[PDB]
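First the structure, in the form of structure tokens, and then the observations on it.
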Amino acid sequence: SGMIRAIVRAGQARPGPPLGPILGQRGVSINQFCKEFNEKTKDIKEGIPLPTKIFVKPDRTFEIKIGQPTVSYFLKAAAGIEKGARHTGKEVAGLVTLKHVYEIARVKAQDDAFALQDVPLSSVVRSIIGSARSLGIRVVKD
Amino acid sequence: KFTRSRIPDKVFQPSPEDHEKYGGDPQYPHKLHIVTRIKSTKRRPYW
Amino acid sequence: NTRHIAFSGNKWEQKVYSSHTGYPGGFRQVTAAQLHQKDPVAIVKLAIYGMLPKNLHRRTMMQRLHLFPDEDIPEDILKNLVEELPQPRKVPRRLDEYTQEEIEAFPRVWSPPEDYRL
Amino acid sequence: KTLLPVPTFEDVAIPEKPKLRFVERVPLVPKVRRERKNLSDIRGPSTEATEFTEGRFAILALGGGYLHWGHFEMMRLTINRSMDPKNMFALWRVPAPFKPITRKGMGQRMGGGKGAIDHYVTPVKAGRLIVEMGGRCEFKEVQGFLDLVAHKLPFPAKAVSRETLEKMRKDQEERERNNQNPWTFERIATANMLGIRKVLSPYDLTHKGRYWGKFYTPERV
Amino acid sequence: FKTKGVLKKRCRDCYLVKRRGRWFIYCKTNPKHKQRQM
Amino acid sequence: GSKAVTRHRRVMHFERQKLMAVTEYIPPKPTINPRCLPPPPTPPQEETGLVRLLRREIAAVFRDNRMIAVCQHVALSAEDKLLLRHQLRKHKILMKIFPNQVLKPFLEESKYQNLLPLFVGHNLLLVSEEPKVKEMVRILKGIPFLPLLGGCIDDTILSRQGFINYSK
RNA sequence: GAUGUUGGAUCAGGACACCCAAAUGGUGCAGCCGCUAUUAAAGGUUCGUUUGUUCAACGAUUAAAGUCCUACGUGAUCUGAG
RNA sequence: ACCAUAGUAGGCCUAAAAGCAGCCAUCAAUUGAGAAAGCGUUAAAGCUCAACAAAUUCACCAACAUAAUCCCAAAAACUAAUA
Ligand SMILES: [Mg+2]
Ligand SMILES: [Mg+2]
Ligand SMILES: [Mg+2]
Ligand SMILES: [Mg+2]
Ligand SMILES: [Mg+2]
Ligand SMILES: [Mg+2]
Ligand SMILES: [Mg+2]
Ligand SMILES: [Mg+2]
Ligand SMILES: [Mg+2]
Ligand SMILES: [Mg+2]
Ligand SMILES: [Zn+2]
């Protein structure tokens, strides 16, 4: 009956918003998903909140595919900042190297969306670079 | 007001084809006019 | 043959004949179609009546006009007729009237495509 | 299908105070002495404010007319709220109203004097630009919401740009050189033929019969 | 219906038809968009 | 008497109305109308960057593809199409799409003519580099309504039964 | 060298910019009431208390107790409270 | 007509703010799809527009209720007119 995007933190999944308001509307059992989503996600101790796709079926049961963490967060950690710049491109938030984009790209290469795209590491790198440019995070290439 | 008006000179400068049209001779102007009165002097100014 | 009058344009629908009985609320207005339905003679009669000069002689010459809805005329009036007048309007033919000679003789203007269904 | 190069604005500069200014109901130095009403200042073609300055767009007046305060109110609120303040700016091509208009109370017999001052108005001649809108927008936007303010003015009015204006003017003289009938209003009125000058006004020589009273007819050659 | 001076389609689903020598706006999605030119 | 300027539009003295009706604009009248004249002169189009890019890329397309198959483009959900592209990735087989407008007149020049009737419909060009036919047919066997009309292999135009043969 | 002027009485002719009756569109129309819009002038459109009063208030009802014009209809038909 | 996946509910705010309350940015996958022009939702979810692909092309500058005795020549596409 519906498809639910949610970007959810590693060790944190709880029977309340956004999880309650979104999945609970479809009539989905929250606790099952808390314990299961955590079963997979608690095991990421590197502290990286992951966008995750929850398909809900007409009988109100559900399945979930866990994706790699958002690029915004990978750049937040790679540049070591707190939050993105208030004004992007007017103000620079943090710095990353030619290496950082390579890493963040090779990590996110396996996304449900990037899996079906053959395009090489250069293109995924350009993607990470755009997602950086919106965050106010500059690239430095040596 | 109403007035005696005027006619600006350009009116009276004939084009080349007006000779061909009214059958006037371009070289020599003609000596006498035959003037007939077609319309009334009523409803017209005194002058 | 009065009943078979033709009216040019849309006149059948929008020409009105008005009459008044003189009694308050005695004002009638009839559409040419309805008037022609009730009285087959009426239309040509009011046509002619309005075209004579307006003097008294109108009434008299109005008396010498004889109108018949179809072609049925008493032997009396048939027997005393002198002359046949020419039709003012030329009545156009329909499609079925044309001799096959004439239809075959007329050019087929455009070339129709075969794959088009007609 | 087919791509075509998109028109770009590299030279378009957005000035400060981009919105229309507020015009004052009464002049700051109020006229003390009631003036005769010249119909003549609404009459015929316009001289001032015929040409663009900074902007690409304008509202062109296709008749003469009297603009009073309530109109300014409309054009102002409307054109301000309708436009993108980043990409667009507007300008008054018309002064704030300087001409006193007089009334007498109701139930007044004729005579006794001239009445008292009720009003203030700006005279506007046919062929003048009321509002000038510059910006990096295409004429389609401005034309979209300008047509409202035009439609709401006293005189008939149009929404135009430089290209539009020049096109319609070149066409306007094309008609006068394409004219197939030997007789134009100019030729007759100037040659006083058929003593026509008896029915015509003295201003008729200049208007060439295209303007009549307050109204303007664009199709008159 | 409404008798109007100027018809204008209010949504994507208004179709504009000439009947009885008038212009009507008919709309199946919403009836309140019905108009009739005078 | 009415003032020189008024709003009620001001009826004109009759002699002036006649003056008006005489001086109206009369438009130039053609001997023969332009559209009913013969065809206009020729406004020929010219190659853009896109047209040169497509001619050159399509020219390279017949070079690199050893098996060029024409598979009718059929509407599948983004799911089916992406899964399809991933399987084609798994055998390394490629798929490419082109505009019919620029693909058509290129093949109407010299070599590849026999493909012309196949390109009037909706087409999808299956690019096969060092291919095996069995594997290309593997996928078109899974989904029934996604037909293969064949085309060019090593300069020879070949059809469905032919591919059934080259596979075996 | 006079076109006698308010309101009633009597008798009403007409308009439709419908108050009722008659067909219908839309609704923030479930139904009952409604609120709006379109088409329709053959017929209707009350009786009282106070004011000279038309207007207005108020009592009681009706399917409704229309808005107007006709020399603010109508005094060689009537009434003069004004 | 036909059709609609991608990082990514871009940052920032915010109860939430996911194109679509406002500020900033306008980037980068695909061959092709705006960090979005409509509606829509509490926010989502969902409908269409723009992009290919398939074709064919012809246009666009639209209009405006009524009065009081009873409508107000009759009619009319055409035998030739500087009458
Ligand atoms: Mg106006
Ligand atoms: Mg007398
Ligand atoms: Mg009556
Ligand atoms: Mg009515
Ligand atoms: Mg009645
Ligand atoms: Mg009276
Ligand atoms: Mg009386
Ligand atoms: Mg009397
Ligand atoms: Mg979504
Ligand atoms: Mg792109
Ligand atoms: Zn609609």
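By order of appearance in the structure tokens: chains A, B, ..., then residues from 1 within every chain, and ligands from 1 in the order shown.
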
Original post:
Could you pull out all residues of chain D with a DSSP call of alpha helix (DSSP H) and give them as JSON, numbers by chain?
Top reply: {"D": [69, 70, 71, 72, 73, 74, 75, 76, 77, 78, 79, 80, 81, 139, 140, 141, 142, 143, 144, 145, 146, 147, 148, 149, 150, 151, 162, 163, 164, 165, 166, 167, 168, 169, 170, 171, 172, 173, 174, 175, 176, 177, 178, 185, 186, 187, 188, 189, 190, 191, 204, 205, 206, 207]}

**OP:** Within 7 Å of ligand 11, which residues show up when you count only C-alpha atoms (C1' of nucleotides) and all ligand atoms? List them as a list in words, please.
**Re:**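 My answer, listing the contacting residues, is residues 9, 10, 11, 12, 13, 14, 27, 29, 30 and 33 of chain E.
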
Original post:
Can you tell me, as a ChimeraX atom specification, what residues are no more than 10 Å from residue 134 in chain F when counting only C-alpha atoms (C1' of nucleotides), ignoring any on the same chain fewer than 5 positions away?
Top reply: /F:139,163-168

Original post:
Residues within 12 Å of ligand 2 (only C-alpha atoms (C1' of nucleotides) and all ligand atoms), as a VMD selection string?
Top reply: chain G and resid 1 to 3

Original post:
Within 12 Å of ligand 10, counting only C-alpha atoms (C1' of nucleotides) and all ligand atoms, which protein or nucleic acid residues do you find, written as a PyMOL selection string?
Top reply: chain H and resi 6+27-35+51-52

Output for the residues just chosen: N, CA, C and O atoms (P, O5', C5', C4', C3', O3' and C1' of nucleotides) as a PDB file, in the first residue's frame:
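Contents of part36.pdb, as written:
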```
ATOM      1  P     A H   6      13.901   5.691  -6.864  1.00  0.00           P
ATOM      2  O5'   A H   6      15.462   5.846  -7.127  1.00  0.00           O
ATOM      3  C5'   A H   6      16.027   7.125  -7.342  1.00  0.00           C
ATOM      4  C4'   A H   6      17.465   7.030  -7.766  1.00  0.00           C
ATOM      5  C3'   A H   6      18.400   7.995  -7.046  1.00  0.00           C
ATOM      6  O3'   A H   6      18.919   7.465  -5.838  1.00  0.00           O
ATOM      7  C1'   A H   6      18.593   8.334  -9.350  1.00  0.00           C
ATOM      8  P     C H  27      23.536  24.268 -11.717  1.00  0.00           P
ATOM      9  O5'   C H  27      24.152  23.376 -10.541  1.00  0.00           O
ATOM     10  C5'   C H  27      25.530  23.474 -10.207  1.00  0.00           C
ATOM     11  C4'   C H  27      26.002  22.345  -9.314  1.00  0.00           C
ATOM     12  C3'   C H  27      26.192  20.973  -9.950  1.00  0.00           C
ATOM     13  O3'   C H  27      27.396  20.859 -10.698  1.00  0.00           O
ATOM     14  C1'   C H  27      25.115  20.745  -7.853  1.00  0.00           C
ATOM     15  P     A H  28      27.371  20.442 -12.257  1.00  0.00           P
ATOM     16  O5'   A H  28      27.062  18.876 -12.254  1.00  0.00           O
ATOM     17  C5'   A H  28      28.117  17.925 -12.177  1.00  0.00           C
ATOM     18  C4'   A H  28      27.788  16.805 -11.219  1.00  0.00           C
ATOM     19  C3'   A H  28      27.003  15.634 -11.800  1.00  0.00           C
ATOM     20  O3'   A H  28      27.819  14.681 -12.461  1.00  0.00           O
ATOM     21  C1'   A H  28      25.953  16.362  -9.826  1.00  0.00           C
ATOM     22  P     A H  29      27.299  13.961 -13.804  1.00  0.00           P
ATOM     23  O5'   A H  29      27.050  12.443 -13.373  1.00  0.00           O
ATOM     24  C5'   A H  29      26.025  12.111 -12.449  1.00  0.00           C
ATOM     25  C4'   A H  29      25.738  10.629 -12.401  1.00  0.00           C
ATOM     26  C3'   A H  29      25.366   9.977 -13.730  1.00  0.00           C
ATOM     27  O3'   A H  29      26.499   9.552 -14.474  1.00  0.00           O
ATOM     28  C1'   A H  29      23.711   9.472 -12.132  1.00  0.00           C
ATOM     29  P     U H  30      26.363   9.196 -16.037  1.00  0.00           P
ATOM     30  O5'   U H  30      25.449   7.888 -16.054  1.00  0.00           O
ATOM     31  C5'   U H  30      24.931   7.384 -17.273  1.00  0.00           C
ATOM     32  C4'   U H  30      23.493   6.936 -17.149  1.00  0.00           C
ATOM     33  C3'   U H  30      22.616   7.219 -18.361  1.00  0.00           C
ATOM     34  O3'   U H  30      22.796   6.294 -19.422  1.00  0.00           O
ATOM     35  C1'   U H  30      21.481   7.894 -16.406  1.00  0.00           C
ATOM     36  P     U H  31      23.875   6.613 -20.579  1.00  0.00           P
ATOM     37  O5'   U H  31      23.019   6.747 -21.920  1.00  0.00           O
ATOM     38  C5'   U H  31      23.547   7.434 -23.050  1.00  0.00           C
ATOM     39  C4'   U H  31      22.618   8.528 -23.527  1.00  0.00           C
ATOM     40  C3'   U H  31      22.443   9.724 -22.586  1.00  0.00           C
ATOM     41  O3'   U H  31      22.175  10.888 -23.382  1.00  0.00           O
ATOM     42  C1'   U H  31      20.359   8.684 -22.923  1.00  0.00           C
ATOM     43  P     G H  32      21.967  12.347 -22.729  1.00  0.00           P
ATOM     44  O5'   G H  32      20.378  12.541 -22.745  1.00  0.00           O
ATOM     45  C5'   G H  32      19.709  13.168 -21.657  1.00  0.00           C
ATOM     46  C4'   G H  32      18.230  12.845 -21.598  1.00  0.00           C
ATOM     47  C3'   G H  32      17.536  13.170 -20.289  1.00  0.00           C
ATOM     48  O3'   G H  32      17.250  14.550 -20.144  1.00  0.00           O
ATOM     49  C1'   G H  32      16.824  11.040 -21.059  1.00  0.00           C
ATOM     50  P     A H  33      18.348  15.540 -19.507  1.00  0.00           P
ATOM     51  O5'   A H  33      17.669  16.070 -18.166  1.00  0.00           O
ATOM     52  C5'   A H  33      17.375  15.184 -17.091  1.00  0.00           C
ATOM     53  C4'   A H  33      15.886  15.009 -16.940  1.00  0.00           C
ATOM     54  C3'   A H  33      15.331  15.044 -15.517  1.00  0.00           C
ATOM     55  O3'   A H  33      15.018  16.365 -15.086  1.00  0.00           O
ATOM     56  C1'   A H  33      14.432  13.190 -16.737  1.00  0.00           C
ATOM     57  P     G H  34      16.166  17.453 -14.780  1.00  0.00           P
ATOM     58  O5'   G H  34      15.370  18.761 -14.333  1.00  0.00           O
ATOM     59  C5'   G H  34      15.662  20.023 -14.931  1.00  0.00           C
ATOM     60  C4'   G H  34      15.398  21.162 -13.976  1.00  0.00           C
ATOM     61  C3'   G H  34      15.998  20.980 -12.585  1.00  0.00           C
ATOM     62  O3'   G H  34      17.292  21.568 -12.512  1.00  0.00           O
ATOM     63  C1'   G H  34      13.660  21.422 -12.410  1.00  0.00           C
ATOM     64  P     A H  35      18.364  21.121 -11.398  1.00  0.00           P
ATOM     65  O5'   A H  35      18.048  22.075 -10.162  1.00  0.00           O
ATOM     66  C5'   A H  35      18.466  21.727  -8.849  1.00  0.00           C
ATOM     67  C4'   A H  35      17.316  21.213  -8.020  1.00  0.00           C
ATOM     68  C3'   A H  35      16.753  22.192  -6.996  1.00  0.00           C
ATOM     69  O3'   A H  35      15.361  21.937  -6.829  1.00  0.00           O
ATOM     70  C1'   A H  35      17.678  20.311  -5.877  1.00  0.00           C
ATOM     71  P     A H  51      10.428  19.693 -22.432  1.00  0.00           P
ATOM     72  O5'   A H  51      11.951  19.329 -22.141  1.00  0.00           O
ATOM     73  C5'   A H  51      12.326  18.753 -20.901  1.00  0.00           C
ATOM     74  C4'   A H  51      13.265  17.593 -21.081  1.00  0.00           C
ATOM     75  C3'   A H  51      12.999  16.725 -22.305  1.00  0.00           C
ATOM     76  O3'   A H  51      13.653  17.230 -23.463  1.00  0.00           O
ATOM     77  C1'   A H  51      13.181  15.358 -20.377  1.00  0.00           C
ATOM     78  P     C H  52      13.072  16.960 -24.941  1.00  0.00           P
ATOM     79  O5'   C H  52      12.326  15.560 -24.821  1.00  0.00           O
ATOM     80  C5'   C H  52      12.593  14.527 -25.757  1.00  0.00           C
ATOM     81  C4'   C H  52      13.725  13.638 -25.298  1.00  0.00           C
ATOM     82  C3'   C H  52      14.014  12.434 -26.188  1.00  0.00           C
ATOM     83  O3'   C H  52      14.919  12.750 -27.231  1.00  0.00           O
ATOM     84  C1'   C H  52      13.879  11.759 -23.906  1.00  0.00           C
TER      85        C H  52
END
```

Subject >> Test item: residues lying within 8 Å of ligand 1 with only C-alpha atoms (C1' of nucleotides) and all ligand atoms, as a ChimeraX atom specification >> reply: /D:150-157

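Based on only C-alpha atoms (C1' of nucleotides) and all ligand atoms, the protein and nucleic acid residues found within 12 Å of ligand 9 are, by chain and then by number, residues 2, 3, 4, 5, 6 and 53 of chain A; 5, 8, 9, 18, 19, 20, 41, 44, 45 and 46 of chain H.
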
Original post:
So how many Å separate CA of residue 207 in chain D and CA of residue 15 in chain F, to one decimal?
Top reply: 18.2 Å

Original post:
Near residue 73 in chain G, counting only C-alpha atoms (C1' of nucleotides), which residues have an atom at most 12 Å away, once you skip same-chain residues fewer than 5 positions from it, shown as a ChimeraX atom specification?
Top reply: /G:11-14

Go ahead and write the residues just picked, C-alpha atoms (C1' of nucleotides), as a PDB file, in the first residue's frame.
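Written file, out.pdb:
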```pdb
ATOM      1  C1'   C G  11     -62.144  49.671 -11.971  1.00  0.00           C
ATOM      2  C1'   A G  12     -57.865  48.295 -13.381  1.00  0.00           C
ATOM      3  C1'   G G  13     -54.272  48.316 -18.693  1.00  0.00           C
ATOM      4  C1'   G G  14     -49.037  47.117 -19.036  1.00  0.00           C
TER       5        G G  14
END
```

May I have the residues within 8 Å of ligand 5, computed using only C-alpha atoms (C1' of nucleotides) and all ligand atoms, as a PDB file with C-alpha atoms (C1' of nucleotides), in the first residue's frame?
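Full text of pocket_3.pdb as output:
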```pdb
ATOM      1  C1'   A G  41     -46.008  36.749 -17.200  1.00  0.00           C
ATOM      2  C1'   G G  43     -53.789  33.346 -13.045  1.00  0.00           C
ATOM      3  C1'   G G  44     -53.232  35.020  -8.104  1.00  0.00           C
TER       4        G G  44
END
```

Original post:
Looking at only C-alpha atoms (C1' of nucleotides), which of H:78, H:4, H:49, H:68 is the one that sits closest to chain E?
Top reply: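 Distance minimum relative to chain E lands on H:49.
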
Original post:
Of the candidates G:81, G:27, G:42, G:51, which shows the shortest atom-to-atom distance to chain E, using only C-alpha atoms (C1' of nucleotides)?
Top reply: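 Closest candidate: G:27.
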
Subject >> Shell around residue 159 in chain F at 9 Å using only C-alpha atoms (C1' of nucleotides), local window under 5 positions removed, as a PyMOL selection string >> reply: chain F and resi 148-152+164

Store the residues picked out above, limited to N, CA, C and O atoms, as an mmCIF file, in the first residue's frame.
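Saved result, again_14.cif, follows:
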```
data_model
loop_
_atom_site.group_PDB
_atom_site.id
_atom_site.type_symbol
_atom_site.label_atom_id
_atom_site.label_comp_id
_atom_site.auth_asym_id
_atom_site.auth_seq_id
_atom_site.Cartn_x
_atom_site.Cartn_y
_atom_site.Cartn_z
ATOM 1 N N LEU F 148 12.349 -9.630 -29.940
ATOM 2 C CA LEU F 148 13.618 -9.295 -30.575
ATOM 3 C C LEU F 148 13.472 -9.393 -32.086
ATOM 4 O O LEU F 148 13.210 -10.474 -32.608
ATOM 5 N N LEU F 149 13.628 -8.277 -32.792
ATOM 6 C CA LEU F 149 13.504 -8.271 -34.255
ATOM 7 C C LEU F 149 14.860 -8.389 -34.985
ATOM 8 O O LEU F 149 14.944 -8.207 -36.218
ATOM 9 N N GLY F 150 15.920 -8.653 -34.219
ATOM 10 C CA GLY F 150 17.229 -8.904 -34.790
ATOM 11 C C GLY F 150 17.940 -7.716 -35.412
ATOM 12 O O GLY F 150 18.145 -6.693 -34.759
ATOM 13 N N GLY F 151 18.298 -7.842 -36.689
ATOM 14 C CA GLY F 151 19.233 -6.934 -37.329
ATOM 15 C C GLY F 151 20.687 -7.372 -37.494
ATOM 16 O O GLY F 151 20.999 -8.563 -37.657
ATOM 17 N N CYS F 152 21.572 -6.378 -37.502
ATOM 18 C CA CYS F 152 22.909 -6.508 -38.081
ATOM 19 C C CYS F 152 23.876 -7.338 -37.229
ATOM 20 O O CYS F 152 24.078 -7.053 -36.057
ATOM 21 N N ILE F 164 17.975 -17.740 -33.203
ATOM 22 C CA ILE F 164 17.692 -19.048 -32.614
ATOM 23 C C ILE F 164 18.735 -20.058 -33.098
ATOM 24 O O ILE F 164 19.154 -20.944 -32.345
#
```
